[PDB]
Amino acid sequence: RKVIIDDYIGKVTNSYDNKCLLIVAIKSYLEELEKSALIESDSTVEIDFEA
Amino acid sequence: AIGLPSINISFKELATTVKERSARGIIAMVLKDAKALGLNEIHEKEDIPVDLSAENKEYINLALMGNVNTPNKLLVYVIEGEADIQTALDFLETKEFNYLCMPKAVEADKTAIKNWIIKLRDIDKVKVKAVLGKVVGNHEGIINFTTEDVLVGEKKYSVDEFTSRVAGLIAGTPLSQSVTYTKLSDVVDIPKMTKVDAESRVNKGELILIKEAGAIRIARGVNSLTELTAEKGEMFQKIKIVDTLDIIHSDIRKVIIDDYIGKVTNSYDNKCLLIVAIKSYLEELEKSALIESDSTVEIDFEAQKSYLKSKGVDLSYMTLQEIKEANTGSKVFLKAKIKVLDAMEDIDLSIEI
Amino acid sequence: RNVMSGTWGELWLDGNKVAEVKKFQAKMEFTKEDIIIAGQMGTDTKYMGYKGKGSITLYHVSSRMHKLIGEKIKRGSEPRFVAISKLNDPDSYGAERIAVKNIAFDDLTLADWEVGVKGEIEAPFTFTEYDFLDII
Amino acid sequence: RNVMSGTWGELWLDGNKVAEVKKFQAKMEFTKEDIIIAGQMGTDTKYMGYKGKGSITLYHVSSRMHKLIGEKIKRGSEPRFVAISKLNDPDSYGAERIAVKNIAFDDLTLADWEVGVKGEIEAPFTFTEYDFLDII
Amino acid sequence: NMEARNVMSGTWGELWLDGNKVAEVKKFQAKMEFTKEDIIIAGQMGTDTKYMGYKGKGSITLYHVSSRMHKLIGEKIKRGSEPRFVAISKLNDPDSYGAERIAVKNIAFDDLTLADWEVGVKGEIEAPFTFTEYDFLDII
Amino acid sequence: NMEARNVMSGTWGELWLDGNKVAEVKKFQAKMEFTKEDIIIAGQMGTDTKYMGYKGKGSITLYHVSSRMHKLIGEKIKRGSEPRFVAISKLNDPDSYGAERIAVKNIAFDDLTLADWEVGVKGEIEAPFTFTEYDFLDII
Amino acid sequence: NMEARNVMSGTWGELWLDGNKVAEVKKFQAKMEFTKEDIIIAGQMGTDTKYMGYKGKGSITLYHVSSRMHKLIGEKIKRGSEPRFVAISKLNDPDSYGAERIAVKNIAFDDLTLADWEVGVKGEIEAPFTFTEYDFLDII
């Protein structure tokens, strides 16, 4: 929540490329959490197709 | 004429700037004072008239702060203590601008300003907007900012006085970005407001301030328009989309009014030529990624139908092509469809354990 | 029911009406590649693109093409144009217009004449994109 | 309005007026290369040069071509000429003239005749640059 | 299932180099060459191999619209420092089943073409490179 | 942005050799070949390379209008002294975004062609060379 | 200055071999191959070369009008003595700026063709050689 609020709300245009960049940022945060051995290393992020 | 041969070397230190001003964004301020009457454009801080009072100085400095870039230019009009607003508005009609703000005003004068803005937008088809204190207008060209007792520094600024800072912040925002959740460093504190009341207030259609996350920030970038017709869209409430649309509308004027007004016979072939020209113009805007692709320009069928029905024409048993071929005297009706991308303002993340 | 006759044809080139025009023609030719799929006798095709081709034929009333492209061709810069064709037969129910954009001409005819024959000029061209106005 | 008839055509070759000329023709053919741009179905072209081509057709009144080029062709040096074409139909409003420079002839016809047929000679040529006089 | 329309076409690809989209691209190719050693095992006629590593190779060919390749590495090469880049290739055909995207990392270029032109010929520039790492993004 | 007309054409180039403009030029090419050594690092399958230097190569092809190439080096080569030249190439297409100019320095030629002719064939002379340094002038 | 007609044509050449004009000549070619060694100088990335010498090579192709090549060297080769010849090539095109003439000296031939024929094919004989010296006569 803090990461999203700080840099993405209102400062980027809602395009597909910006969505991919945000996905990459979230994936990078999860990979950072990986090295501390809090969760598992199979994490995947993608667009919620059904919603 | 010819002079002696000359070799001159000039040294200049063109590096004296910070927070450079944007090319776009023009703000017009009209004020009541006893001195410096008339228009006094203000390019930057160093050129400020000295005869003005402290209140006008404070308002101008409030309007001189932007979001990322400073506004391109400021047009300050000074009126005498007892005067009507009609003369100032008539003088400002000649000038061009994007936003107009009134720091000191009364309830009745706001009505005159709103009526003038509505008439200018509709009758004259000139796309300008105004920022007003407490006006409940239902038009996209009106922005009402309705939070009180802003504590900037050690003064309880009024809502109308802070409309100047609101207008400056709006003008400073780049085209790509929006004004949602932008932090105001100068502001200290806001009067208490519960979350649900603020949400309902912004739902009604209002410009407010809230305390969220680190500091104070603008809740939403909605407009004053609160009801939607079938023709009107839900995207017309956002300020950024309206700003881009008005920029485009003003830009197409150098194609339309410069050449096709009073110089070309009004025939359906010339209408088709003008449509082709407008579409070719829109292609360049698409290629710069300002708007989305697949933008269509074509004859406004419904407005032309209404105008034909206004005069003595029996619209029955006429072909649609026959309707389009009709000569509408000396007026042309056109309709365009373009799309503008909005900024990220809502996120829904779902996590599976 | 009647089929439109080409007598009622008008052409606009570069924003100027072409008074003399004998015929006009524009076509889009597709590019396909043969693909053979295992287990099937019939051969299928994959569409990979298209090309635009056409031509004009007009009487030699004036020196239009030279004033259009002559000096720029020598200089080294090739201009592009937009042409509009309209076909409106009064017998038929409706009219048809098409806008052809990004036109480039294949050649230039300086002079051509013969004894006892009225002059005619035909100039092929290639285009990229088209837009439709007043579809039937 | 009238279209120019080719009966009123005159040709000057190498500064001498050619009394007998059946037809004259000069054309510029462009050179283009296909270029495919990623993300676009339509194919675009780039203009890379041009070539000048033409021909003359004249009755076999005299031995003009031999006196022009015959000995120099054998010697090994190829001459270049300048030709002027004028088309002035009295019915039409104005006249038209073109100067064609750096002309080189493709072939030479020593003799050609048949029983009961009047002789005709046609000589194609290639040129590089042209200049325009009395543009309509 | 299988049909002619499903085959991907190269006209629909695009390439990002160092975060900047390259519009004047003609072709892009990346590959990994494995290293294998022959091992003869007593009692069996057929020879078997052992995998030891891989080597990555590729190339980019693009129209000579602008002098892009010089500004990247021309001055750095002379001084003695070699830069490394990241490339992203996306292949999005409307007929095929979606699109596939791949990031190629640690790219180092093989040569720099200062000038290449000929009369009557349009200009083109091809640059080969080698890489070490890669990611899979939205693979089909 | 990207369009077909923006591609540079070779017909619009020109070449200066030793301060004298060469008008009978057919093509000009220059290139730099980097030198890279394979390095295997323990724990990683992908091989990585180290950049050590570059080598410059190129060639010029020109119509046999006159015996220009002889007068430059013919007598000097026999005596035992090797000259060094400087070449400038400019590519100025009206349709493209401006022009790019490059100076190639320390040029030394590979061979000299005394005579080359065949019946019915136009004459041409191609000369390859090697260089060491270069400058950028008005790069796009 | 530069024009198409100025380009020399091979039809206008002629060749003198051992003082006797050769009329049945198809093509003549001479070249000088320099010898250069790579030298790496500390502190500079670009490699530089040092010139050490040259090697001369060429060939002559002529129609098989007569058995000219045998009478020159056929009997001498078997005995163990190698002759040396002198060739002069003149290229005189009326359109170009005059003519250029070159003398190639110390010519030694590489091979001798006793017989070469095939049904339905006209006969031709090509002979390569190597030389050491040259002169310039009436260079343009």
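The PDB entry lists chain E under the name Tube (CD1364), from Clostridioides difficile.

If you check the PDB entry, chain C appears there as Tube (CD1364) from Clostridioides difficile.

S.K.: Please clarify how the overall build of chain C should be interpreted in this entry.
M.R.: Looking only at helices and strands, one finds one helix and nine strands in chain C. The secondary structure elements of chain C, listed N-terminal to C-terminal, are β-β-β-β-α-β-β-β-β-β. Taken over the C-alpha trace, chain C has a radius of gyration of 19 Å; the compact-globule value for 136 residues is 14 Å, which it surpasses by more than 25%. Each principal axis of the C-alpha distribution contributes one length, and for chain C these read about 65 × 50 × 30 Å. Burial analysis of chain C (136 residues in total) assigns 45% to the buried set.

S.K.: Which parts of the structure should I look at to understand the relation of the copies chain F and chain G?
M.R.: Here the second copy of the chain follows from the first by a rotation about an axis and a shift along it. By a simple turn and slide, chain F fits onto chain G: the slide is 0.0 Å along the axis, the RMSD is 0.0 Å, and the turn is 60°. Here the copies are linked by what is in effect a six-fold axis. Measuring from the rotation axis to each C-alpha of chain F, the shortest distance belongs to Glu37 of chain F, at 21 Å. Both copies present different contact surfaces, since only 10% of the interface residues of chain F are interface residues in chain G too.

S.K.: Would you mind going over the interface of chain E and chain D with me for this structure?
M.R.: By convention, interface size is frequently given as the accessible area that disappears when the constituent parts associate. With eight residues of chain E at the contact, the number on the chain D side is ten residues. For the pair chain E and chain D, the two sides together bury roughly 760 Å², of which 60% comes from carbon and sulfur. When residues of chain E are sorted by the area they lose upon contact with chain D, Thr11, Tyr63 and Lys122 of chain E head the list and together hold 60% of the total. At the junction of chain E and chain D, the tally comes to zero salt bridges. Connecting chain E to chain D are three residue pairs in polar contact. Looking at side-chain class alone, the side of chain E that touches chain D contains four nonpolar, three polar and one charged residues.

S.K.: Any chance you could explain helix 9 (residues 301-310) of chain B here in plain terms?
M.R.: Spacing of three or four residues puts side chains on the same side of an α-helix, whose turn is 3.6 residues. Residues and elements named next belong to chain B. Along helix 9, the residues classified as buried are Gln304, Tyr307 and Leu308. Buried residues along helix 9 cover an arc of 100° about the axis, so they all sit on one side. Opposite the buried face of helix 9, by more than 90 degrees, sit the exposed residues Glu302, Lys309 and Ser310. Residues of helix 9 that are buried in the fold lie against helix 8 (268-287), strand 11 (296-299) and helix 10 (320-325). Capping the start of helix 9, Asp300 holds a side-chain oxygen 3.5 Å from the backbone nitrogen of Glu302, two or three residues further along.

S.K.: How should I be thinking about the sheet that holds strand 2 (residues 38-42) of chain B in this particular structure?
M.R.: Sheet strands pair via backbone hydrogen bonds, and the direction of the pair is either parallel or antiparallel. Residue and element names in this part refer to chain B. On the basis of which strands lie adjacent, the open sheet formed by six strands has the order 2-3-1-4-5-6 and mixed pairing. Looking at which strands have only one partner, the edges of the open sheet turn out to be strand 2 and strand 6 (142-144). Sheet twist, expressed as the average angle between the axes of neighbouring strands with direction ignored, equals 20°. The pairing of strand 5 (residues 129-132) with strand 6 spans three bridges and is parallel.

S.K.: Before we go on, may I ask you to explain the arrangement of the chains in this structure?
M.R.: One thing to see here is that chain B and chain D don't touch, and their nearest C-alpha atoms sit 13 Å from each other. When C-alpha atoms are compared, chain A and chain G, though not in contact, are closest at a spacing of 39 Å.

S.K.: Before we go on, may I ask you to explain the side chain of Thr163 of chain B in this structure?
M.R.: Residues and elements named next belong to chain B. By the secondary structure assignment, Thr163 is in helix 4 (residues 159-172). Under the relative-accessibility criterion, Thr163 is labelled buried at 1%. The residues touching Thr163, leaving out its near neighbours within four places in the chain, are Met102, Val131, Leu132, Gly133 and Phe145.

S.K.: So what exactly am I meant to see when it comes to the pattern of salt bridges here?
M.R.: Any two side chains of opposite charge can pair, given that their charged atoms come close. Scanning the model with the defined rule gives 62 salt bridges over all chains in all. Ionic pairing is found between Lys119 of chain B and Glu93 of chain B, a salt bridge with its closest N-O pair at 3.9 Å. Residue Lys119 of chain B is found in helix 3 (residues 107-122), and its partner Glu93 of chain B is found in helix 2 (residues 85-94); the two are separated by 26 residues along the sequence. For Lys26 of chain G, the salt bridge is made with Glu124 of chain G, and the minimal N-O distance between the two is 3.4 Å. Here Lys26 of chain G is found in strand 3 (residues 25-39), whereas its partner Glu124 of chain G is found in strand 7 (residues 124-130), with 98 residues between them in sequence. What makes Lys26 of chain G buried here is its relative accessible area of 18%. Here the residues in one salt-bridge network are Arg220, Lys238, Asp342, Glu345 and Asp346 of chain B, joined through shared partners.

S.K.: Sorry, what's going on with the pairing of strand 5 of chain B here?
M.R.: Both faces of the sheet carry side chains from a regular strand, because those side chains alternate between them. Residues and elements named next belong to chain B. Of the two faces of strand 5, both are covered, the one formed by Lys129 and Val131 as well as the one formed by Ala130 and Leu132. Bridge analysis of strand 4 (residues 99-101) against strand 5 gives three bridges, and the strand direction is parallel. Residue pairing across strands places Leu100 opposite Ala130, the latter belonging to strand 5. In terms of handedness, the path from strand 4 via helix 3 over to strand 5 forms a crossover that is right-handed.

S.K.: So what exactly am I meant to see when it comes to the interface of chain F and chain G here?
M.R.: Each partner contributes residues to the interface: chain F has 42 residues there, and chain G has 41 residues. Interface area for chain F against chain G, summed over the two sides, is near 3,700 Å², with a carbon-plus-sulfur share of 59%. Area buried by chain F at its contact with chain G is led by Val65, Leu114 and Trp117 of chain F, which between them contribute 22% of it. At the surface where chain F touches chain G, the tally comes to three salt bridges. The salt bridge involving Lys27 of chain G is made with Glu118 of chain F; its shortest N-O contact spans 3.7 Å. There are 17 residue pairs in polar contact connecting chain F and chain G. Residue assignment for the side of chain F that touches chain G shows that the elements contributing at least two residues are strand 4 (48-63), helix 1 (68-79), strand 6 (99-109) and strand 7 (111-118) of chain F. Per-element tally for the side of chain F that touches chain G: the top contributor is strand 7 of chain F, with eight residues. As defined by bridge partners, strand 7 of chain F adjoins strand 3 of chain G across six bridges and the pair is classed as antiparallel. Bridge pairing links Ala115 of chain F to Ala30 of chain G in strand 3 of chain G.

S.K.: Honestly, helix 1 (residues 64-75) of chain D in this entry has me stumped. Any pointers?
M.R.: Residue and element names in this part refer to chain D. Along helix 1, the positions that sit buried rather than exposed are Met65, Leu68, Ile69 and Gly70. Along the long axis of helix 1, the arc covered by the buried residues comes to 165°, so they all point the same way. Away from its buried face by more than 90 degrees, helix 1 exposes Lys67, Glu71, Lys74 and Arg75. Those residues of helix 1 that are buried lie in contact with strand 1 (9-13), strand 5 (81-87) and strand 6 (96-105).

S.K.: Is there a simple way to think about the packing of helix 1 (residues 54-63) of chain B against helix 4 of chain B in this case?
M.R.: Relative orientation and spacing of two packed helices are given, respectively, by the angle between their axes and the distance between those axes. Residue and element names in this part refer to chain B. Taken N-terminus to C-terminus, the directions of helix 1 and helix 4 make an angle of 25°; their axes are 7 Å apart at the nearest point. It follows from the interaxial angle that helix 1 and helix 4 lie roughly parallel. Side by side, helix 1 and helix 4 meet where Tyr59, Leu62 and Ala63 of the first sit next to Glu161, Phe162, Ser164, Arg165 and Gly168 of the second.

S.K.: Help me understand the environment of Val86 of chain F, please; the structure alone is not making it clear to me.
M.R.: Residue and element names in this part refer to chain F. Examined against the element boundaries, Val86 turns out to sit in strand 5 (residues 85-92). For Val86, a relative accessible area of 38% translates into the label partly exposed. A C-alpha to C-alpha distance of 31 Å links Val86 and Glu37, two positions 49 residues apart in sequence. When neighbours within four sequence positions are excluded, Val86 is seen to be in contact with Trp16, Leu17, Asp18, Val104 and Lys105.

S.K.: Is there a simple way to explain the environment of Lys110 of chain B in this structure?
M.R.: Residue and element names in this part refer to chain B. Among the secondary structure elements, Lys110 is positioned in helix 3. Relative accessible area serves as the criterion here: at 9%, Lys110 is assigned to the buried category. Contact partners of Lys110, with chain neighbours within four places excluded, come to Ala105, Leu132, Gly133, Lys134, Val135 and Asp160.

The rules behind each value
Residues numbered from 1 in each chain as written, not as in the entry; some residues may be left out. Chains lettered and ligands numbered in written order. Part of a larger assembly, values for the part shown. Heavy atoms only, no water. Helix = DSSP H or I, 4+ residues; strand = E, 2+ residues; numbered from the N terminus. Rg over C-alpha atoms; globule rule 2.2 N^0.38 Å. Buried < 20%, exposed > 50% of the residue type's maximum accessible area, 1.4 Å probe, protein only. Least-squares fit on C-alpha atoms. Contact = heavy atoms within 4.5 Å. Buried area = accessible area lost by both parts, 1.4 Å probe. Salt bridge = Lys/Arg side-chain N within 4 Å of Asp/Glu carboxyl O. Polar contact = N/O pair within 3.5 Å; in protein donor to acceptor, adjacent residues only side chain to side chain. Nonpolar A, V, L, I, M, F, W, Y, C, P; charged D, E, K, R; others polar. Arc of directions from axis to C-beta. Pairing = 2+ DSSP bridges. Axes fitted to C-alpha atoms, helices over the stretch in contact; angles between N-to-C directions. Right-handed = clockwise from strand over helix to strand, strands pointing away. Parallel < 35°, antiparallel > 145°, perpendicular 65-115°, else oblique.

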